[PDB]
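J.: Dropping the structure in here first, questions after.
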Amino acid sequence: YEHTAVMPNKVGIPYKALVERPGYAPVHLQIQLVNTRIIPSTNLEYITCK
Amino acid sequence: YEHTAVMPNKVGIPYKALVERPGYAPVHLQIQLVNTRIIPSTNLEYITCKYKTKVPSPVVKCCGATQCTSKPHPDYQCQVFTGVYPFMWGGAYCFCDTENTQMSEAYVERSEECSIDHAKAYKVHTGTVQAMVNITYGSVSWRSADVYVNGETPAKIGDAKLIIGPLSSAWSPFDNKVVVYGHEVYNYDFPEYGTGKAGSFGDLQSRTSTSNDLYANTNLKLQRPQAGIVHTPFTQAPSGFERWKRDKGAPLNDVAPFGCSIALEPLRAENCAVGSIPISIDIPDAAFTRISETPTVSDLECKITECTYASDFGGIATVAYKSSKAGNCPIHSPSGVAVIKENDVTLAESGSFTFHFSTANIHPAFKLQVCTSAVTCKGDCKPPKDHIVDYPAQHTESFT
C-alpha cells in the first residue's frame, strides 16, 4: 500500500489522494505542501559595502 | 453420508468441505491437518561417538622381555618395546640399559560423551504417518484427535468416525540409511557397523551405549616412548565423530524436500506437505439438522465487492440472502477455486452478509453453496503488494 503519487509542486492547497489498498477500507490523503523552501548550496565569496 | 474426500496434504490450514447428505440439512467440515508426523519403521544399528584412548598403564620389566597378548578389549593395540631407561622420579629405576623392557597397551573405549553426545545410525523403512487432526466440526465445534493414515483406521475421539489415507505421496524424506545427532538428522550413507574406516565416520561403532563390545577401527598405533621416559605414545586418528561435527553435511530439517521438520523424539518428520489424502468420515447423524429447519436461501444474489487475487482471505463478496426462516446456513465453494474463511453465516429474514475468501484466478467463477442453494460469485480480483509472511490459505493454483 506504499502509495506512490506524482504530485504537482504548488504550495497552498491540499492534494487529497486516496489509498486504494486491496483488502481493507481505503483512506484519503490530504497532502498540503505548505512550503517549498529551497536552500541551495552556496558560498560566501565576499561581503561588500561602501 | 460417509463423506469421502480427496484432500491435499498440507498442515496448517482447514479444508472446509461440505456434507451433501440427501434428505437433511448439509453440514460443513473444518479439517485442519495440524500435523503430519511420520515415524517410519527403523532400527538402531549402532551408536557412534568419539573414542577415548583410555590407556591401561604400561608394564615396565627392568631386565628382559615381557611378551604381550592380544587381550579382547576393543581394538586392543599392544606392542612390546625394549631399549628404554625410564626416568621416573629418581632418574631411571631399571638398572639394565637395553634389557629394560616396556610393554605399551591401549584399547579403544566409548567416551563418557558417547552416552549423551553421540551420532546414531539407522536403517530406515517407511512406517506409518500420523496427525493431531482438529475438526471444529459443524456445531460440535471441537475434536483434536491423534489419528493414522492407513485407510481403514478410525479414531472415535469426539463423536465422528474418520478414516484417513493411505496417502499417495510416499516420499519418505528420510533415506534408507540415516545418521542422527541430538536433533540434526542426516540422511547419510553411514558405512556400517563393524567396518568404519578410521578417521571416517563410525571409527567407533557400538551397537548401543550399554554394549561393551564394539568396532574400533581407529588405526591406533602405539610408538615407543622417547629417551628412557615413562609414557605411552598413542598415534591415532581423532574420531570420525570429531569430524562429522565440523566437516559434516547439512541437516535434513535444512535440506529435505517437500516441506518437513524433524525431531529426536519418535523420529518423526513433521508436517510434510505433499500430495493428497483420500479422507472419509462417518458423521454422527444426531449432529445433522434435518432439512426442514434450516432456512431455504434461494432467490438470492452474490457478487464480489473487493476481490483480492491473493492468499490471505482478502477476497470478499456480499450475498443478497433471500431466506425463508432465519438462522444459520453453512457455506462452501464446492469448486476448489475459492477458499472461504467462514464455514457458517447467520441469517435474518432475507438480509445480506459478506464473507471472506481467497482465489487464484483473475475471474473467479466459483459456485457457492449456501446450505443447498448454489450461486456463481463471478467477478474480478486485484493483486496485492506485501508478500513476506508464512504460508497461504489459497493453495488452489491452476490454469488461469
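How things are named: the first chain in the C-alpha cells is A, the next is B, and so on; residues count from 1 in each chain; ligands count from 1 in the order shown.
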Got a sec to pull out which chain A residues are within 10 Å of chain B, counting only C-alpha atoms, and send them as a compact mmCIF listing (two decimals) with C-alpha atoms, in the first residue's frame?
T.:
# COMPACT_ATOMS: atom_id res chain seq x y z
CA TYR A 1 0.00 0.00 0.00
CA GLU A 2 3.02 2.30 -0.26
CA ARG A 21 -5.12 -0.80 -0.62
CA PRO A 22 -6.65 -4.09 -1.85
CA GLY A 23 -8.30 -5.74 1.13
CA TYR A 24 -9.14 -3.06 3.70
CA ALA A 25 -11.08 0.16 3.56
J.: Which polymer residues have any atom within 9 Å of an atom of stretch 177-185 of chain B, counting only C-alpha atoms, with same-chain residues fewer than 2 positions away left out, as a list in words?
T.: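 Once the adjacent positions are removed, what remains is residues 116, 117, 118, 119, 120, 121, 122, 123, 124, 125, 174, 175, 187, 188, 189, 190, 250, 251, 252, 253, 254, 262, 263, 264 and 265 of chain B.
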J.: Can you measure atom CA of residue B:256 to atom CA of residue B:148 for me? One decimal in Å is fine.
T.: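 For atom CA of residue B:256 relative to atom CA of residue B:148, the distance reads 22.7 Å.
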J.: For a quick check of understanding, using only C-alpha atoms, which of B:324, B:311, B:67, B:292 has the smallest distance to residue B:393?
T.: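 So, comparing all the options, the nearest one is B:311.
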J.: So that I can check the secondary structure, give me every residue of chain A assigned strand (DSSP E) by backbone DSSP, as a list in words.
T.: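 Answer for chain A restricted to strand (DSSP E) is residues 18, 19, 27 and 28 of chain A.
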J.: Any chance you could export the current selection's C-alpha atoms as a PDB file, in the first residue's frame?
T.:
ATOM      1  CA  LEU A  18      -6.888   8.107  -1.978  1.00  0.00           C
ATOM      2  CA  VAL A  19      -5.232   4.938  -0.671  1.00  0.00           C
ATOM      3  CA  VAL A  27      -8.220   6.101   3.227  1.00  0.00           C
ATOM      4  CA  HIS A  28      -7.992   9.617   1.866  1.00  0.00           C
TER       5      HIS A  28
END
J.: With only C-alpha atoms as the atoms that count, which of B:4, B:369, B:219, B:9 lies nearest to residue B:270?
T.: B:9
J.: Just checking: using only C-alpha atoms, which residue out of B:18, B:387, B:288, B:296 ends up closest to residue B:334?
T.: B:18
J.: What does the distance from atom CA of residue B:95 to atom CA of residue B:223 come to in Å, to one decimal?
T.: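 A separation of 22.7 Å between them.
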J.: Hey, what's within 6 Å of residue B:11 if we count only C-alpha atoms and toss same-chain stuff fewer than 6 positions away? As a count of residues only, please?
T.: 4
J.: Looking at only C-alpha atoms, which of A:44, A:29, A:49, A:34 is the one that sits closest to residue A:10?
T.: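 Ranked by minimum distance to residue A:10, first place goes to A:34.
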J.: Contacts of residue B:335 at 10 Å or less, counting only C-alpha atoms, minus same-chain residues fewer than 2 places along, as an MDAnalysis selection string?
T.: chainID B and resid 332:333 337:339 365:369 396
J.: Please produce a file of those selected residues containing C-alpha atoms, as a compact mmCIF listing (two decimals), in the first residue's frame.
T.:
# COMPACT_ATOMS: atom_id res chain seq x y z
CA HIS B 332 -18.76 -23.76 0.96
CA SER B 333 -17.49 -23.43 -2.58
CA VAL B 337 -11.10 -22.14 -6.82
CA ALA B 338 -12.30 -20.25 -3.75
CA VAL B 339 -11.35 -20.99 -0.15
CA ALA B 365 -16.23 -18.12 -11.35
CA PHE B 366 -16.79 -20.29 -8.31
CA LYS B 367 -20.06 -21.73 -7.14
CA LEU B 368 -21.14 -21.03 -3.58
CA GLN B 369 -23.44 -23.50 -1.86
CA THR B 396 -5.51 -23.75 -5.37
J.: Using only C-alpha atoms, which of the listed residues (B:258, B:171, B:244, B:15) sits closest to residue B:40?
T.: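 Of B:258, B:171, B:244, B:15, the one nearest residue B:40, counting only C-alpha atoms, is B:171.
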J.: Would you compute the distance between atom CA of residue B:238 and atom CA of residue B:51? Give it in Å to one decimal.
T.: 8.0 Å
J.: Counting only C-alpha atoms, what is within 12 Å of residue B:399, bar same-chain residues fewer than 6 positions away, as a list in words?
T.: residues 337, 360, 361, 362, 363 and 364 of chain B
J.: With N, CA, C and O atoms retained, write the just-selected residues as a PDB file, in the first residue's frame.
T.:
ATOM      1  N   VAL B 337     -11.646 -23.439  -6.427  1.00  0.00           N
ATOM      2  CA  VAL B 337     -11.103 -22.144  -6.815  1.00  0.00           C
ATOM      3  C   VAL B 337     -11.052 -21.220  -5.616  1.00  0.00           C
ATOM      4  O   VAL B 337     -10.060 -20.521  -5.386  1.00  0.00           O
ATOM      5  N   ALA B 360      -7.327 -17.758  -6.908  1.00  0.00           N
ATOM      6  CA  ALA B 360      -6.127 -17.751  -7.725  1.00  0.00           C
ATOM      7  C   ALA B 360      -6.373 -17.420  -9.176  1.00  0.00           C
ATOM      8  O   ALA B 360      -5.398 -17.285  -9.918  1.00  0.00           O
ATOM      9  N   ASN B 361      -7.617 -17.299  -9.609  1.00  0.00           N
ATOM     10  CA  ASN B 361      -7.942 -16.973 -10.985  1.00  0.00           C
ATOM     11  C   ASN B 361      -8.538 -15.577 -11.053  1.00  0.00           C
ATOM     12  O   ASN B 361      -9.345 -15.186 -10.204  1.00  0.00           O
ATOM     13  N   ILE B 362      -8.074 -14.815 -12.046  1.00  0.00           N
ATOM     14  CA  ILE B 362      -8.407 -13.399 -12.153  1.00  0.00           C
ATOM     15  C   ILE B 362      -9.912 -13.217 -12.180  1.00  0.00           C
ATOM     16  O   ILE B 362     -10.443 -12.262 -11.607  1.00  0.00           O
ATOM     17  N   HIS B 363     -10.613 -14.128 -12.832  1.00  0.00           N
ATOM     18  CA  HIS B 363     -12.057 -14.107 -12.954  1.00  0.00           C
ATOM     19  C   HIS B 363     -12.603 -15.261 -12.130  1.00  0.00           C
ATOM     20  O   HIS B 363     -12.861 -16.341 -12.672  1.00  0.00           O
ATOM     21  N   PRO B 364     -12.775 -15.092 -10.827  1.00  0.00           N
ATOM     22  CA  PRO B 364     -13.243 -16.216 -10.022  1.00  0.00           C
ATOM     23  C   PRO B 364     -14.694 -16.540 -10.291  1.00  0.00           C
ATOM     24  O   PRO B 364     -15.602 -15.864  -9.799  1.00  0.00           O
TER      25      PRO B 364
END
J.: Could you give me the residues within stretch 210-385 of chain B that DSSP places in alpha helix (DSSP H), as a JSON list (two decimals) with C-alpha atoms, in the first residue's frame?
T.:
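This went into result-v3.json:
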[["chain", "number", "residue", "atom", "x", "y", "z"],
["B", 252, "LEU", "CA", 17.52, -32.89, 6.70],
["B", 253, "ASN", "CA", 15.46, -30.29, 8.54],
["B", 254, "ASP", "CA", 17.54, -27.86, 6.45],
["B", 255, "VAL", "CA", 17.93, -29.82, 3.16]]
